[PDB]
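Heads up: the structure comes next, in structure tokens.
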Amino acid sequence: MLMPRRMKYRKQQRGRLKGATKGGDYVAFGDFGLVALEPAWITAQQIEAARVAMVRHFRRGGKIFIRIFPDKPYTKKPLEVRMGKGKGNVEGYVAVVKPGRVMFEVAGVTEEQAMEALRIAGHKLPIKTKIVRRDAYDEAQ
Amino acid sequence: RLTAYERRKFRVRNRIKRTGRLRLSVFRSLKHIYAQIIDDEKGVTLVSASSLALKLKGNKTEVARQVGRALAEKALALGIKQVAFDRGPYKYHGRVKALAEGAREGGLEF
Amino acid sequence: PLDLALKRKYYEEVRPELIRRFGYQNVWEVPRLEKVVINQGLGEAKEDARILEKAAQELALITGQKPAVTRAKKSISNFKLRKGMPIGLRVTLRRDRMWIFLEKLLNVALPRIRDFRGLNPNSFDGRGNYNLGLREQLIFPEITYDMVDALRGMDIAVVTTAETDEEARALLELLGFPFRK
Amino acid sequence: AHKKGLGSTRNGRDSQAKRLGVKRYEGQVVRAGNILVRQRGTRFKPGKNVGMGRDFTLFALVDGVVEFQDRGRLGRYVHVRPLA
Amino acid sequence: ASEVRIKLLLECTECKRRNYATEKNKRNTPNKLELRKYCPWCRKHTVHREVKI
RNA sequence: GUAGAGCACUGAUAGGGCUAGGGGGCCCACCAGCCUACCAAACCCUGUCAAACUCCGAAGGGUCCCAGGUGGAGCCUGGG
RNA sequence: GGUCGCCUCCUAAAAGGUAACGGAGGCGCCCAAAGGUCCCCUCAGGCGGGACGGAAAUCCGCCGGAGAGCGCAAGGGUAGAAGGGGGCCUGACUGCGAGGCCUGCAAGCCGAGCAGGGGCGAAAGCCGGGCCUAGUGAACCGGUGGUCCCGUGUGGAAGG
RNA sequence: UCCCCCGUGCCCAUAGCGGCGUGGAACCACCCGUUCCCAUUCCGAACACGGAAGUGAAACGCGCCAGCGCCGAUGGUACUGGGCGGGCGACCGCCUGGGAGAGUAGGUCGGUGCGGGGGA
RNA sequence: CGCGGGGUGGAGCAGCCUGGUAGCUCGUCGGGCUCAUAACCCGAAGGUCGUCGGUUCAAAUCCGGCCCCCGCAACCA
RNA sequence: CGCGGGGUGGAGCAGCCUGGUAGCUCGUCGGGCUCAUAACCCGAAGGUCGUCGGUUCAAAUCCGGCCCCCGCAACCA
Ligand SMILES: [Mg+2]
Ligand SMILES: [Mg+2]
Ligand SMILES: [Mg+2]
Ligand SMILES: [Mg+2]
Ligand SMILES: [Mg+2]
Ligand SMILES: [Mg+2]
Ligand SMILES: [Mg+2]
Ligand SMILES: [Mg+2]
Ligand SMILES: [Mg+2]
Ligand SMILES: [Mg+2]
Ligand SMILES: [Mg+2]
Ligand SMILES: [Mg+2]
Ligand SMILES: [Mg+2]
Ligand SMILES: [Mg+2]
Ligand SMILES: [Mg+2]
Ligand SMILES: [Mg+2]
Ligand SMILES: [Mg+2]
Ligand SMILES: [Mg+2]
Ligand SMILES: [Mg+2]
Ligand SMILES: [Mg+2]
Ligand SMILES: [Mg+2]
Ligand SMILES: [Mg+2]
Ligand SMILES: [Mg+2]
Ligand SMILES: [Mg+2]
Ligand SMILES: [Mg+2]
Ligand SMILES: [Mg+2]
Ligand SMILES: [Mg+2]
Ligand SMILES: [Mg+2]
Ligand SMILES: [Mg+2]
Ligand SMILES: [Mg+2]
Ligand SMILES: [Mg+2]
Ligand SMILES: [Mg+2]
Ligand SMILES: [Mg+2]
Ligand SMILES: [Mg+2]
Ligand SMILES: [Mg+2]
Ligand SMILES: [Mg+2]
Ligand SMILES: [Mg+2]
Ligand SMILES: [Mg+2]
Ligand SMILES: [Mg+2]
Ligand SMILES: [Mg+2]
Ligand SMILES: [Mg+2]
Ligand SMILES: [Mg+2]
Ligand SMILES: [Mg+2]
Ligand SMILES: [Mg+2]
Ligand SMILES: [Mg+2]
Ligand SMILES: [Mg+2]
Ligand SMILES: [Mg+2]
Ligand SMILES: [Mg+2]
Ligand SMILES: [Mg+2]
Ligand SMILES: [Mg+2]
Ligand SMILES: [Mg+2]
Ligand SMILES: [Mg+2]
Ligand SMILES: [Mg+2]
Ligand SMILES: [Mg+2]
Ligand SMILES: [Mg+2]
Ligand SMILES: [Mg+2]
Ligand SMILES: [Mg+2]
Ligand SMILES: [Mg+2]
Ligand SMILES: [Mg+2]
Ligand SMILES: [Mg+2]
Ligand SMILES: [Mg+2]
Ligand SMILES: [Mg+2]
Ligand SMILES: [Mg+2]
Ligand SMILES: [Mg+2]
Ligand SMILES: [Mg+2]
Ligand SMILES: [Mg+2]
Ligand SMILES: [Mg+2]
Ligand SMILES: [Mg+2]
Ligand SMILES: [Mg+2]
Ligand SMILES: [Mg+2]
Ligand SMILES: [Mg+2]
Ligand SMILES: [Mg+2]
Ligand SMILES: [Mg+2]
Ligand SMILES: [Mg+2]
Ligand SMILES: [Mg+2]
Ligand SMILES: [Mg+2]
Ligand SMILES: [Mg+2]
Ligand SMILES: [Mg+2]
Ligand SMILES: [Mg+2]
Ligand SMILES: [Mg+2]
Ligand SMILES: [Mg+2]
Ligand SMILES: [Mg+2]
Ligand SMILES: [Mg+2]
Ligand SMILES: [Mg+2]
Ligand SMILES: [Mg+2]
Ligand SMILES: [Mg+2]
Ligand SMILES: [Mg+2]
Ligand SMILES: [Mg+2]
Ligand SMILES: [Mg+2]
Ligand SMILES: [Mg+2]
Ligand SMILES: [Mg+2]
Ligand SMILES: [Mg+2]
Ligand SMILES: [Mg+2]
Ligand SMILES: [Mg+2]
Ligand SMILES: [Mg+2]
Ligand SMILES: [Mg+2]
Ligand SMILES: [Mg+2]
Ligand SMILES: [Mg+2]
Ligand SMILES: [Mg+2]
Ligand SMILES: [Mg+2]
Ligand SMILES: [Mg+2]
Ligand SMILES: [Mg+2]
Ligand SMILES: [Mg+2]
Ligand SMILES: [Mg+2]
Ligand SMILES: [Mg+2]
Ligand SMILES: [Mg+2]
Ligand SMILES: [Mg+2]
Ligand SMILES: [Mg+2]
Ligand SMILES: [Mg+2]
Ligand SMILES: [Mg+2]
Ligand SMILES: [Mg+2]
Ligand SMILES: [Mg+2]
Ligand SMILES: [Mg+2]
Ligand SMILES: [Mg+2]
Ligand SMILES: [Mg+2]
Ligand SMILES: [Mg+2]
Ligand SMILES: [Mg+2]
Ligand SMILES: [Mg+2]
Ligand SMILES: [Mg+2]
Ligand SMILES: [Mg+2]
Ligand SMILES: [Mg+2]
Ligand SMILES: [Mg+2]
Ligand SMILES: [Mg+2]
Ligand SMILES: [Mg+2]
Ligand SMILES: [Mg+2]
Ligand SMILES: [Mg+2]
Ligand SMILES: [Mg+2]
Ligand SMILES: [Mg+2]
Ligand SMILES: [Mg+2]
Ligand SMILES: [Mg+2]
Ligand SMILES: [Mg+2]
Ligand SMILES: [Mg+2]
Ligand SMILES: [Mg+2]
Ligand SMILES: [Mg+2]
Ligand SMILES: [Mg+2]
Ligand SMILES: [Mg+2]
Ligand SMILES: [Mg+2]
Ligand SMILES: [Mg+2]
Ligand SMILES: [Mg+2]
Ligand SMILES: [Mg+2]
Ligand SMILES: [Mg+2]
Ligand SMILES: [Mg+2]
Ligand SMILES: [Mg+2]
Ligand SMILES: [Mg+2]
Ligand SMILES: [Mg+2]
Ligand SMILES: [Mg+2]
Ligand SMILES: [Mg+2]
Ligand SMILES: [Mg+2]
Ligand SMILES: [Mg+2]
Ligand SMILES: [Mg+2]
Ligand SMILES: [Mg+2]
Ligand SMILES: [Mg+2]
Ligand SMILES: [Mg+2]
Ligand SMILES: [Mg+2]
Ligand SMILES: [Mg+2]
Ligand SMILES: [Mg+2]
Ligand SMILES: [Mg+2]
Ligand SMILES: [Mg+2]
Ligand SMILES: [Mg+2]
Ligand SMILES: [Mg+2]
Ligand SMILES: [Zn+2]
């Protein structure tokens, strides 16, 4: 379960999700990666869920990289209560992802192995995804 | 990084520069003493007197008094009378003082 | 300015040895003592008696200079220490008054101490200076036993122009600084 | 029916707006006394013919024209060139 | 102010007028306040002293 | 001083390196040699995040001067 | 239930201004030195060395632009001082106030300069409290000290 | 009117840190001395005064080198004033004008004003 | 703002009217008695009598000011 | 969900207001009395103050969040 160790501020405004990803758009560690096609707040539950799925898939072996981190506090007012009287409470953390952002990477596992594992992972994520291979373009970046 | 030397310099010089008067600056080497008068608006020395240039000698303080007096002569001639005294990094005392005291009775208004 | 013993040994014996040992070109390159600072880090007189002046009269006695106070920079609770409390003495010996203290130290003080077996070699600054600690202070000759209330140490620091410990090691060893190892 | 155990708000205040900023610009004609800059600290420094008040307010000392200057590390200055 | 930081007048000793009003800490500086101050009445300066507000 | 962007500040941050200390075993302890597919401050490299972070920073916006602009423009006083 | 005035920051969309029972914090004091001035000084922190002495007391060395300090919350400012020490002092003035900031009013804010009589400084100069922005309360009614202006036929007195 | 030095401004790191070298005729500095003026919460360190035996070791001036720091295009892109279009919708896209930040190439061991002293 | 009366040893305290004694109880210390406990009994340490100035041979005792705690009554635009 | 109170040696309670200093009764452990147990007498140990942060030279004590316990509230339809 990801979440900041410490926090300058406890509640955080929502914001929009303009544009493509700010950066973190090229593979930087492994051979294959999962890329976001549409933007979302990726929950800490989902990150972890994908993580476990890959781990489980190639039981003992390879290394998983995680290029996204939930630092945004997600708020929710209680059930059946009305508007006003303060902001809701923190109820979890999300990571803001945008198209182009590589979210996971794997390495040291066979090509076929990587493909299935990253594929299953995407199924856990609330967005459309694509797998990619490390390119001359990536190493150039 | 800064020596207390430099800090004093800025500190006393800036204060005087704000009053907008002409500036009587002073250098006090181990062997000589020099005194020039500056228009900081234009950035220009109007008149200057010194020990080296005076080809002067005979005990530092008594010498210093004269270069002041001599400074007033060339100053008053040009029209300068109103002036402010840049005492530099040096305590107003002894040699610097004597330069002021001379330049005073020499005719300078300060 | 004043003819004294140790200054003669430096200028007539220590100097040349140093030159032939490191081959100094220019004269001022030759390492020399700059100053000696004594510091009784008391604070035993913190809230306590202003009878640090007893340690101060004892101090001025040894050095021939009046000692200055040092007071608390920051307050520390664990030490029962209020920012501004008088907690030490410091006196800076330069020129001839330095030379006299060092002469009586190398000759009379340092031997008269309990089980002297040499100064610590490793205690060099790293950039040419040297530091040591005394615990007695009757060890200085001009302090008879009757003048003392309780014991009191002090922090001696000796400062040289030496670029490094080697040069510093030599300047001190040659003056009469006995080293342990 | 509806209005259940809601809550409260431990904060929810602010101070009055203080209308700070530059009040006369480069090239603007000004009377002696005119306020040139309202500020906190010397975000600007007083220059030629410009004085500074106890709360760092910059005002003109002469009738003239306002002029700005960035002297890099020495800060920024507001001047007033007098007019002939 | 407070019970301890109190208000007070400065009275001219020459002609007994109170020409200034200020404050003080009673605990810190418990003595009456002595101060030279301009007197508009006497038109010179004067030692003024504290006087109960 | 925003959008964007950035990590120089205040914090956050994944991996690796390096490395105080902390933990497990060894020597067995008195002090020291510990070696460590563990925990980890500072620091370095890769890679990022922030309304109350900014080494940076547009487009725009504001005001001033000059020029065009004669409009159910504009400005001053007063009645509704 | 919470809140009600004032201050700081964000929200606030790069002038000003801007709402919500939006997100965070403060104030209702304080200082005769924590004020004026003249003169001098420069931090925090790191590493090394040093009796008692430690993570941290005081001393030495080298590094260091400001990450310290500036009574207090935060911001801005700031060592070319607003910070640290000292000397002398009371401008924490009186009578005014060109000109502006702000602004519905009423308030609030900055202010050169003139006269009086002073302070510190050789001098230029600075000084009408405090680095700045909170530390507050209209009018009515009454108290106290002045002044000697009105005071019911006149002089006092009551009262203004 | 070219060169060196001294005082002093302006531009505010392309000027800085660090390294190596050079300079004492002159200037300047360390230097010599504590009688006098002045001074140290202790110390002639600093400030100050009277000097000129020594030295350019330090400091400073002038060079040289690109490890650091600093500066940094063009090209392209983000974003955007204005004008539009596609999609149920999430969001995308077009014209027109403006246009970063990062990074790449690359630059840098300062440049200049006024006076003073000394040179060829 | 105006009145009234206190401060006396570690706690409470009459001494103050009527100027010659810092006294009482409780508290702590030592000793006696005690199944012990208390109570009883002998001794003992412990104070500028709030301050400062003043009348007096001398005053906690009497005056002036001042500090402080309690108390009395009234006012609060 | 709201408002008020509380968590401190094994048990039960003080100390927080006003920052510096940890108390009481019980229990416990060691030694007495007694043939022995208790009652009784002497002497001792025992907490790092719910948990995270923050203020401060310094925090049981002041400030924010969270956890557990306790009391009150939860109405008009
Ligand atoms: Mg973590
Ligand atoms: Mg969106
Ligand atoms: Mg984008
Ligand atoms: Mg976009
Ligand atoms: Mg796009
Ligand atoms: Mg991104
Ligand atoms: Mg495999
Ligand atoms: Mg999916
Ligand atoms: Mg590919
Ligand atoms: Mg490929
Ligand atoms: Mg690469
Ligand atoms: Mg620097
Ligand atoms: Mg200085
Ligand atoms: Mg200074
Ligand atoms: Mg110029
Ligand atoms: Mg002559
Ligand atoms: Mg004469
Ligand atoms: Mg004249
Ligand atoms: Mg001598
Ligand atoms: Mg010799
Ligand atoms: Mg001590
Ligand atoms: Mg309903
Ligand atoms: Mg409720
Ligand atoms: Mg609550
Ligand atoms: Mg505000
Ligand atoms: Mg307003
Ligand atoms: Mg507002
Ligand atoms: Mg001013
Ligand atoms: Mg202002
Ligand atoms: Mg301009
Ligand atoms: Mg400039
Ligand atoms: Mg600067
Ligand atoms: Mg500046
Ligand atoms: Mg500045
Ligand atoms: Mg008189
Ligand atoms: Mg009083
Ligand atoms: Mg008088
Ligand atoms: Mg900016
Ligand atoms: Mg801003
Ligand atoms: Mg920065
Ligand atoms: Mg910041
Ligand atoms: Mg930080
Ligand atoms: Mg960090
Ligand atoms: Mg890491
Ligand atoms: Mg690591
Ligand atoms: Mg270990
Ligand atoms: Mg073991
Ligand atoms: Mg052991
Ligand atoms: Mg053993
Ligand atoms: Mg061991
Ligand atoms: Mg042991
Ligand atoms: Mg043992
Ligand atoms: Mg090993
Ligand atoms: Mg913002
Ligand atoms: Mg922002
Ligand atoms: Mg730029
Ligand atoms: Mg830049
Ligand atoms: Mg800019
Ligand atoms: Mg631009
Ligand atoms: Mg623009
Ligand atoms: Mg026109
Ligand atoms: Mg209510
Ligand atoms: Mg705006
Ligand atoms: Mg005070
Ligand atoms: Mg001084
Ligand atoms: Mg000083
Ligand atoms: Mg230090
Ligand atoms: Mg150390
Ligand atoms: Mg130490
Ligand atoms: Mg000890
Ligand atoms: Mg020190
Ligand atoms: Mg910082
Ligand atoms: Mg500090
Ligand atoms: Mg600063
Ligand atoms: Mg700061
Ligand atoms: Mg600066
Ligand atoms: Mg100062
Ligand atoms: Mg200081
Ligand atoms: Mg200081
Ligand atoms: Mg000070
Ligand atoms: Mg002081
Ligand atoms: Mg002073
Ligand atoms: Mg004086
Ligand atoms: Mg006043
Ligand atoms: Mg007019
Ligand atoms: Mg007029
Ligand atoms: Mg108005
Ligand atoms: Mg106000
Ligand atoms: Mg005057
Ligand atoms: Mg002076
Ligand atoms: Mg005078
Ligand atoms: Mg003032
Ligand atoms: Mg203040
Ligand atoms: Mg204030
Ligand atoms: Mg109010
Ligand atoms: Mg009414
Ligand atoms: Mg009245
Ligand atoms: Mg009235
Ligand atoms: Mg009358
Ligand atoms: Mg009448
Ligand atoms: Mg009548
Ligand atoms: Mg009458
Ligand atoms: Mg009247
Ligand atoms: Mg030429
Ligand atoms: Mg030049
Ligand atoms: Mg230029
Ligand atoms: Mg620079
Ligand atoms: Mg180098
Ligand atoms: Mg080199
Ligand atoms: Mg070489
Ligand atoms: Mg070379
Ligand atoms: Mg060579
Ligand atoms: Mg020569
Ligand atoms: Mg002589
Ligand atoms: Mg003498
Ligand atoms: Mg004398
Ligand atoms: Mg003097
Ligand atoms: Mg003297
Ligand atoms: Mg002292
Ligand atoms: Mg003294
Ligand atoms: Mg050099
Ligand atoms: Mg090189
Ligand atoms: Mg380079
Ligand atoms: Mg720059
Ligand atoms: Mg471009
Ligand atoms: Mg283009
Ligand atoms: Mg566009
Ligand atoms: Mg557009
Ligand atoms: Mg559209
Ligand atoms: Mg449509
Ligand atoms: Mg589309
Ligand atoms: Mg189109
Ligand atoms: Mg079109
Ligand atoms: Mg274009
Ligand atoms: Mg375009
Ligand atoms: Mg080059
Ligand atoms: Mg360079
Ligand atoms: Mg260079
Ligand atoms: Mg060149
Ligand atoms: Mg030119
Ligand atoms: Mg009673
Ligand atoms: Mg209650
Ligand atoms: Mg309550
Ligand atoms: Mg209660
Ligand atoms: Mg509660
Ligand atoms: Mg609680
Ligand atoms: Mg408790
Ligand atoms: Mg309990
Ligand atoms: Mg109870
Ligand atoms: Mg509590
Ligand atoms: Mg309480
Ligand atoms: Mg037992
Ligand atoms: Mg029994
Ligand atoms: Mg703490
Ligand atoms: Mg405690
Ligand atoms: Mg705590
Ligand atoms: Mg607690
Ligand atoms: Mg708590
Ligand atoms: Mg009902
Ligand atoms: Mg009904
Ligand atoms: Zn008067």
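In the structure tokens, each chain is lettered A, B, ... as it comes, each chain's residues begin at 1, and ligands are numbered from 1 in order of appearance.
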Could the residues that lie within 7 Å of ligand 23, counting only C-alpha atoms (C1' of nucleotides) and all ligand atoms, be listed as a ChimeraX atom specification?
/D:4-6 /J:1-2,74
Enumerate, in order of chain and increasing residue number, the residues of chain J with an atom no farther than 12 Å from ligand 160, each with its shortest atom pair and distance in Å to one decimal, counting only C-alpha atoms (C1' of nucleotides) and all ligand atoms, as JSON lines.
{"residue": "J:75", "atom": "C1'", "partner": "ligand 160", "partner_atom_place_in_ligand_line": "1 (Mg)", "distance": 10.2}
{"residue": "J:76", "atom": "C1'", "partner": "ligand 160", "partner_atom_place_in_ligand_line": "1 (Mg)", "distance": 5.0}
{"residue": "J:77", "atom": "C1'", "partner": "ligand 160", "partner_atom_place_in_ligand_line": "1 (Mg)", "distance": 6.1}
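Around ligand 161, using only C-alpha atoms (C1' of nucleotides) and all ligand atoms and a cut-off of 7 Å, the residues in contact are residues 12, 13, 14, 15, 16, 17, 39, 40, 41, 42 and 46 of chain E.
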Please report as number ranges by chain which residues of chain D come no farther than 9 Å from chain H, using only C-alpha atoms (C1' of nucleotides).
D: 71-74
Within 8 Å of ligand 93, counting only C-alpha atoms (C1' of nucleotides) and all ligand atoms: which residues, as a PDB file with N, CA, C and O atoms (P, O5', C5', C4', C3', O3' and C1' of nucleotides), in the first residue's frame?
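The resulting file, out.pdb, is reproduced below:
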ATOM      1  P     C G  31       6.855  44.048  28.725  1.00  0.00           P
ATOM      2  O5'   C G  31       8.013  44.833  27.981  1.00  0.00           O
ATOM      3  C5'   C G  31       9.106  44.140  27.422  1.00  0.00           C
ATOM      4  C4'   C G  31      10.038  45.100  26.757  1.00  0.00           C
ATOM      5  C3'   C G  31      10.262  46.409  27.489  1.00  0.00           C
ATOM      6  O3'   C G  31      11.212  46.296  28.535  1.00  0.00           O
ATOM      7  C1'   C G  31       9.858  46.836  25.209  1.00  0.00           C
ATOM      8  P     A G  34      17.196  45.576  25.083  1.00  0.00           P
ATOM      9  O5'   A G  34      16.532  45.311  23.662  1.00  0.00           O
ATOM     10  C5'   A G  34      16.765  46.206  22.585  1.00  0.00           C
ATOM     11  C4'   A G  34      15.543  46.365  21.735  1.00  0.00           C
ATOM     12  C3'   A G  34      14.677  47.573  22.082  1.00  0.00           C
ATOM     13  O3'   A G  34      14.136  48.118  20.880  1.00  0.00           O
ATOM     14  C1'   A G  34      13.408  45.588  22.315  1.00  0.00           C
ATOM     15  P     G G  71      12.358  40.999  17.162  1.00  0.00           P
ATOM     16  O5'   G G  71      12.657  40.186  18.508  1.00  0.00           O
ATOM     17  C5'   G G  71      12.391  38.793  18.595  1.00  0.00           C
ATOM     18  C4'   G G  71      11.624  38.437  19.843  1.00  0.00           C
ATOM     19  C3'   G G  71      10.276  37.791  19.585  1.00  0.00           C
ATOM     20  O3'   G G  71      10.380  36.403  19.352  1.00  0.00           O
ATOM     21  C1'   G G  71      10.015  39.545  21.139  1.00  0.00           C
ATOM     22  P     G G 130       8.802  53.438  14.312  1.00  0.00           P
ATOM     23  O5'   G G 130       9.468  52.165  14.985  1.00  0.00           O
ATOM     24  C5'   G G 130      10.878  52.107  15.138  1.00  0.00           C
ATOM     25  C4'   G G 130      11.297  51.050  16.126  1.00  0.00           C
ATOM     26  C3'   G G 130      11.210  49.604  15.636  1.00  0.00           C
ATOM     27  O3'   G G 130      12.282  48.870  16.227  1.00  0.00           O
ATOM     28  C1'   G G 130       9.905  49.866  17.586  1.00  0.00           C
TER      29        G G 130
END
Exercise: residue 113 of chain C partners within 10 Å, only C-alpha atoms (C1' of nucleotides), chain neighbours under 5 positions left out, as number ranges by chain
C: 108, 134-140
